[PDB]
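Undergrad: PDB entry and its sequence, pasted below:
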Amino acid sequence: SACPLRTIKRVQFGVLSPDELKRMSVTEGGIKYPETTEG
Amino acid sequence: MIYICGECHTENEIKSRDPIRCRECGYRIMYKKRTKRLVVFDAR
Amino acid sequence: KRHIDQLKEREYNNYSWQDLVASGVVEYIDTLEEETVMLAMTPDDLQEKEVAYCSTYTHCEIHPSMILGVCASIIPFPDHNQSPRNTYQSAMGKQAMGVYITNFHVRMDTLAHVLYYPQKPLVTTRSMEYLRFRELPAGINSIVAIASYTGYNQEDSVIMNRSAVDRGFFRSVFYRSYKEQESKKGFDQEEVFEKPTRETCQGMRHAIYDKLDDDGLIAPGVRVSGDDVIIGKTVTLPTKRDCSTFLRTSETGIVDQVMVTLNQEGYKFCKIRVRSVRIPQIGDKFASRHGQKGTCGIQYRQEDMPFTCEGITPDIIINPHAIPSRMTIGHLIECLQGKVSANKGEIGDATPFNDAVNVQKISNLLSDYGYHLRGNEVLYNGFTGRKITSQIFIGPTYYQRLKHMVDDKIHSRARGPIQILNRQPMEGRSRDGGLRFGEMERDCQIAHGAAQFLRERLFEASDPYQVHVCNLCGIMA
Amino acid sequence: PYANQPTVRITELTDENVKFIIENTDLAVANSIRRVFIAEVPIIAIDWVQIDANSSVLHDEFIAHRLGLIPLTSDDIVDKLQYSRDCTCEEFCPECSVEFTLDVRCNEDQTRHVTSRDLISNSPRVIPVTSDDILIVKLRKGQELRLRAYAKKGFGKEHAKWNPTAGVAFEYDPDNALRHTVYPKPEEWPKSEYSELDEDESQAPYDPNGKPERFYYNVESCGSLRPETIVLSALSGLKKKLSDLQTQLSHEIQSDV
Amino acid sequence: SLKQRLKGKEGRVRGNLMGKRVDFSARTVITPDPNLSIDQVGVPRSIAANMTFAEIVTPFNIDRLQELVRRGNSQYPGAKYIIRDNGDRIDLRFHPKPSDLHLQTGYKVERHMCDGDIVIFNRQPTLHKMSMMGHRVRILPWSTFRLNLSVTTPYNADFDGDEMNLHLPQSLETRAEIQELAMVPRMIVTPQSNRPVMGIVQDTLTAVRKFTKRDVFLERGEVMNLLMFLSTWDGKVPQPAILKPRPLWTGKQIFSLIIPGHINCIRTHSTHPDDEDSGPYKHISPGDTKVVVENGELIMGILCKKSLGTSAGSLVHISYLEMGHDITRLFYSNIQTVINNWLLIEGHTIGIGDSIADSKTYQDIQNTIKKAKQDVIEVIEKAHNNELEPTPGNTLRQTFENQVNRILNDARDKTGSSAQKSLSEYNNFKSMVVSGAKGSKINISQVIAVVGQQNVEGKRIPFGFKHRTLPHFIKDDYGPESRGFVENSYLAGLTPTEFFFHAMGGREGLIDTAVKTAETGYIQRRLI
Amino acid sequence: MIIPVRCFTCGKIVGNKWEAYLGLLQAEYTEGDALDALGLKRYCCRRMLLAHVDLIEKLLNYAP
Amino acid sequence: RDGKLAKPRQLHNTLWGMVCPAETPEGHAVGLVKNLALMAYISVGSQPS
Amino acid sequence: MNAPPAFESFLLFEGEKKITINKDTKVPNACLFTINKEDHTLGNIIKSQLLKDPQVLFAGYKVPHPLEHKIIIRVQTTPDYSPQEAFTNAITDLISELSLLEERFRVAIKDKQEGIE
Amino acid sequence: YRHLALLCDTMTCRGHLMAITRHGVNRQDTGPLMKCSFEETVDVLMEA
Ligand SMILES: [Mg+2]
Ligand SMILES: [Zn+2]
Ligand SMILES: [Zn+2]
Ligand SMILES: [Zn+2]
Ligand SMILES: [Zn+2]
């Protein structure tokens, strides 16, 4: 809302490295348990 | 409420959560009785 | 002849088809065997000694009219129409409303149509006594005029008399059934018919639950309109979370009868039939017996239709341009033959290869019936009372009412319910979703040069959305 | 710049049709009163049905429809009845309605015809036309029917159950003296009932400075009104339409200032 | 799998990216309406009370909009939402008390679709850009879409249970764009073949031809009644062509008031004898041909499809090139209304008196057919006695079938001309064929004279049975009647063996159309 | 299913002429003469009786 | 139901008297479903013993 | 319910007024009356009477749409006459014609109380 | 005429006869997001 607005001019492809994969992920350390809920 | 047998047409009150069978006929197809609130038509 | 005068007595003689085969006068002939045979079409004409085609005939046909199916042997004089026309009607008399079975009171079918006043034809083929078309007919003999009146019957349409519709013309009814079955899908998840109360049950909407009785079903006789609840079925929550069944939109029916019994696996279930009357209006589809379908354009009262010199207004008016391009001349003889049958009191005969009646013979009879032999008559204009310079061809014909009515094909959407995963417009309870904007429509707009309308239809009128994007990188934020 | 002096002359008169002739008038007036015999003559008919018990073969809206098309004797008391939308009463009152009642039950094994002799009213002025019998439904042993109906007042633009007439014949100029219609072969056409030509002629000779006069009518009746009070109530009804429009007009060009 | 989640048609790349499902759209049947301008459409009240249009509140329309918001979802011309500046979308079919709602500059009311709006209207398959033109709304009682008739040619529509969709622009930029780009009066001439796509059609065409004959005289009352329907009339009554017993006006004299501006054109009528420009009477034309429109008034000639229909150099084409796109609209509408209101005085019909002929014609047609059969027998017998000589590049059987085809075609054509020759001026078939409204010269001869010769796969009826066509002929019969020549007319009826061959021809003619649609649609999609 | 009470075109009352029509065909009358003995002279009012199929007599065979 | 080969769709002459020549649906199933004539009778089988 | 009730064809609403006058500005001495809730029965009876006036130049009527209930009448008279005059003089001549024909009719039916023959 | 000229000019523009077909459109200097709208999304986009 406070931010402006803008167009798109170019789409660049490419494979992403594990570096940014670990850096921008949301669940730090990683998902470990195969069971989703417990109680 | 009140139900009508499908063969002998003898009304019999069936209570909630009760098997569906007639009496004096032993039949298993019941028709609900027509309502008693009145609706009006037009001849048009 | 000895075989005929004892075959017209099967009722109290016990002599029938089987005693006819076993005497060696008829014989079944396969297709392969039919290549080593020489057939004659008709006895009195092909088996006379002369300078003759052949002289070694081996078999003879019974009547050459038995080469037609079931739906194609109800057409009068089809040996006078163009060929593709006979194909259309045979695929069109399969969807004409009538009475379909005598015990239609017991059967709780879905989608049953029934006509009020069916009538049998005035011009019949002789092979209709064997398929019971005079005991369960589908149609009404109407008085048709072929003229251009006010322009509302152009391009395959018909004008029809409004004050004949008010006397029962082509009126019908319409039934429909609904099923519901109570079920125990789980040990605790169990359904039951009961009247859902507002404070106990929760997943209700805003319906009026007063029409339901204590059982949860509507008694027959009430007038159920669109968006009413008819069956109240509550599910117990691991309190009570209610479901129910609502009508479709725009029914305006009347509950006919309610049945309660046990289906195969023994679960209690009920069936409900809804009755609704359908009066002909200006979208409905009407068709003749010769492949002329057409909607209804407008309805005039009796004080406006054109009349004859004794007050006979037509029930239907059709365009003369429908005839010359498709060449259905069988349509122009059954309305000439029909006018003789109403004046004499017989019922006509239109067996195809009998071809007994010459049109002129029939035509002459009409002048004899004081109704000009040309099938032509002098009509007066209904608005101003003046005579019409031309003479109009008028007579009785047999029309049918097809199944496609207009109450069933109208729908509209304006900001309706959408989906959940893709947020695209979805159908709702009012039967009415959106119309697809296909690929070929995306190109007419490009050739037009309309760039705003092309954007609105695809983005603003379908799943608009906003996201945030980073500046240095091009990833969402 | 003024009106005409039309002259009437009656030819026949029965209890179901009138034949007359209107000379010395204009075509537009002789037609505007042909549409009033049909549409705008008031009459009584059933317009409100309520069914208490129907176990017959026909459904409820079938019987409610075969009742409205039964013609009731509307001879004299149509002028005393208000329109139910004008009357200051509630939904219904004996000043703008007439109540009927039917109740039939079949007990013998032989089938039963439910005719119109069963419609029992409260006002002895309006009864169905019985003084054969219209059939309403047939019943089988163990079926019954009972209902209540009211009969309002209206005319033929509402619904085709309120018009009082069967076919209304009308024609003028029995021989093409004006050539309003053009025959391609004038010899194949039967001669009209009202013609005055010889047996070996087809049309009268053309006369250019002519005008349609001497219109011929034939008004039948369904059974509610006499065939001669259908006409008197039409002319008295058309006059009262113009007479009311002249009020609204003079009220407009007076309030122009 | 993931690559399986984004497959082709109905995946995620070809089923939901460019082709999807939209809202603010409706669909129902179409029915004719001759009282509407060519740029209007008729919308029922149940669709119009459902689709909305967001209208920004400005001090120019504050009172009207708060009046509209007083009445919501109950009265028809109302509103059903208020969108204030914060994005708050409140619902007014329920708000307890409406009067507290005070509109303010910047708010945004969600109006009901009223008259004068702009919509987009297309038909089932969209082939060219004329299959989606911008109309204008006009609201009518019953529940079908109503549109004019001269616009049915672009859409390729007809009123036997058809359906069409409409989409409603919500943005003001979108509405403006359509108004000045794809409105239907702006797409009269097409860039595909540089000629008009909309012309006068069947009904009005047949009447326009009869209205402009040399002998059509109107009285005073009828001329006034007709002038009542002109939307571009200046208010003056022209001086009659005949001023004595009664003032009588003429057809061309009234038509000269419909023609806009001062245009010029010269065409011919479809019955112009080619040997008329040779001799004298080149500028007199006894038959009243050679249409001449000089300085915007019809001087001479009968109007037909060659002069009013969708073709190059027509009257509508010239009126579009010279006068513009906003006067041709009035041209169309005036022609239609005036001619219909005269046709209900003149009347039109078709019967069986118009499908029958004089006895001599019956006598002559039989003779030509008997001679045609004689020639076919001669050729066949001569071939058996081996007296035929093949032509270069033809086998004896091919050249024998060439002789047979030649004879059959020639026989049919001579009969057809005889049947064409016997008609009257009052005939109603000739009245729809001459004006070009509907029909062809062949149908007249097929109804009156001879149906002709059937053929499957472009060749005569084959020997389906071993050396036979039916089990009623003798073997190797090569006559005309034994291989498909129907010698009756549709009025005299067909015999069984002819009714079967006719069915065969019709069947093949019916299959080809079923194939054509799919083929052409696919190839056009690829190319585009 | 049952004889209409009014002809669709004229409006003339027909619903009271079905039993008398069967009674005349019962003795010896032709359909052309029975219709004249009842007073039906327009061919729109004769179509009403001439082409009527009476289905109500077959729905009275099912016990209520 | 979509093959464009015409020879299994066109009317054979041998269909005389055993399959109706006029009655067939339009669309994509032209000539694929057919109705049999009025007196056509299908055999039931027996033993050649 | 997408179909209008039958009484809308003749019954006036609350805000409507049956007749409305507007002056045509293209030619002098022209007027344009707009009767509401009406049809051809009344429209045609007026036009035929105006043409019988030797001081009326134009007269016609049209029902602009058969599915709505409204007619329009246009009149133009000589410069020494008023369209509102010619209109009201026409009506009082119809009434003087109908009431006369009713008397001559009621006499003809009682001309055969027992019968003339 | 303009339509015929434009078609038969864009059909023979890159020197050789490329049919308007599946593998005639498959070959030109076009972007990656257009060849993903035609039945080989994933493999060509993995290449990209
Ligand atoms: Mg179509
Ligand atoms: Zn029982
Ligand atoms: Zn970033
Ligand atoms: Zn009251
Ligand atoms: Zn009648």
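TA: Done, it's in. Numbers count the residues shown, from 1 in each chain, chains lettered A, B, ... in the order given. Ligands and ions are numbered 1, 2, ... in the order given.
Undergrad: tell me which residues in stretch E:475-491 are buried?
TA: The neighbour-count criterion (16 or more other CB atoms under 10 Å in any protein chain shown) identifies E:478, E:480-487, E:489-491 as the buried residues of stretch E:475-491. (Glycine included, C-beta is placed from N, CA and C.)
Undergrad: now flag whichever of these is closest to chain C.
TA: Nearest to chain C among the buried residues of stretch E:475-491 is residue E:490, at 4.0 Å by CB to the nearest CB.
Undergrad: which residue ranges of chain H form strands?
TA: H:21-23, H:30-33, H:56-62, H:72-77 (DSSP state E).
Undergrad: tabulate those (a markdown table), appending mean neighbour count and distance to ligand 3.
TA: Shown next, in a markdown table, are those (neighbours: other CB atoms under 10 Å in any protein chain shown; distance: least, CB to the ion, whole Å):
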| stretch | mean neighbour count | distance to ligand 3 |
| --- | --- | --- |
| strand H:21-23 | 12 | 69 |
| strand H:30-33 | 18 | 72 |
| strand H:56-62 | 20 | 71 |
| strand H:72-77 | 22 | 70 |
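Undergrad: can the helix or strand residue E:209 falls within be found next to chain D?
TA: According to DSSP states H and E, residue E:209 maps onto helix E:202-211. No: for a cut-off given as CB under 8 Å from any CB of the partner chain, helix E:202-211 has no contacts with chain D; the smallest distance is 12.8 Å.
Undergrad: how far does whatever helix or strand comes next after that helix sit from its chain's centre?
TA: Later in the chain than helix E:202-211, the nearest helix or strand by DSSP H and E is strand E:217-218. Chain-centre distance of strand E:217-218: 30 Å, with CA atoms, centre = their mean, to the nearest Å.
Undergrad: who does strand E:217-218 pair up with?
TA: strand E:247-250 (antiparallel) (DSSP bridges).
Undergrad: buried residues in the partner strand?
TA: Buried residues in strand E:247-250 (16+ other CB under 10 Å): E:248-250.
Undergrad: need those in JSON lines with distance to residue H:7, can you?
TA: Listed next are the buried residues of strand E:247-250 as JSON lines, based on distance: CB to CB, whole Å:
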{"residue": "E:248", "distance to residue H:7": "46"}
{"residue": "E:249", "distance to residue H:7": "43"}
{"residue": "E:250", "distance to residue H:7": "46"}
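Undergrad: what about residue C:51, neighbour count?
TA: Other residues lying near residue C:51 total 4 when counted by other CB atoms under 10 Å in any protein chain shown.
Undergrad: give me the element it is part of.
TA: If you go by DSSP H and E, residue C:51 is not part of any helix or strand.
Undergrad: in contact with the residue nearest to residue C:246 when sequence neighbours are not counted, which residues?
TA: In this structure, residue C:246 finds its nearest non-sequential neighbour in residue C:229, 5.5 Å apart by CB to CB, 6 or more residues apart in numbering or on different chains. Residues in contact with residue C:229, defined by CB atoms under 8 Å, 6 or more residues apart in numbering or on different chains, are C:207-209, C:211-212, C:244-246.
Undergrad: can you tell me which of the residues you listed is nearest residue C:48?
TA: residue C:245 (73.9 Å; CB to CB).
Undergrad: now that closest one, what's its secondary structure?
TA: Counting by DSSP: H, G, I helix; E, B strand; the rest coil, the backbone at residue C:245 sits in strand.
Undergrad: that one against residue C:231, yeah?
TA: Yes: distance between residue C:245 and residue C:231: 4.5 Å, which falls inside the contact criterion (CB atoms under 8 Å).
Undergrad: so between these two, which is more surrounded?
TA: residue C:231 (21 against 13).
Undergrad: test my guess that residue D:112 contacts residue D:135.
TA: No: using CB under 8 Å, residue D:112 and residue D:135 do not qualify as a contacting pair, with a distance of 11.1 Å.
Undergrad: show me the contacts for the residue in the stretch 151-300 of chain C that ligand 1 sits nearest to.
TA: Going by CB to the ion, ligand 1 is nearest to residue C:156 of the stretch 151-300 of chain C, at 8.0 Å. Shown in contact with residue C:156 (CB under 8 Å, 6+ apart): C:292-295, C:319, C:322, E:158-160.
Undergrad: what of residue E:73?
TA: Contacts of residue E:73 by CB under 8 Å, 6+ apart are E:80, E:92-93.
Undergrad: sort out for me which of those are in strands.
TA: Judged by DSSP E, the subset of the contacts of residue E:73 located in strands is residue E:80.
Undergrad: mark which of the contacts of residue E:73 are buried, thanks.
TA: E:80, E:92.
Undergrad: and the residue in chain A that chain I sits nearest to, how far from ligand 5?
TA: Chain A approaches chain I most closely through residue A:13 (4.8 Å), counting by CB to the nearest CB. Using CB to the ion, to the nearest Å, residue A:13 is found at 81 Å from ligand 5.
Undergrad: before we move on, the earlier item: please identify which of the buried residues of strand E:247-250 is nearest to residue C:281.
TA: Looking across the buried residues of strand E:247-250 and measuring by CB to CB, the closest to residue C:281 is residue E:249, at 41.2 Å.
Undergrad: could you double-check that the closest one lies in contact with residue E:243?
TA: No: with contact defined as CB under 8 Å, residue E:249 does not count as touching residue E:243 (10.5 Å).
Undergrad: who in chain I is up against chain B?
TA: Residues of chain I lying close to chain B (CB under 8 Å from any CB): none.
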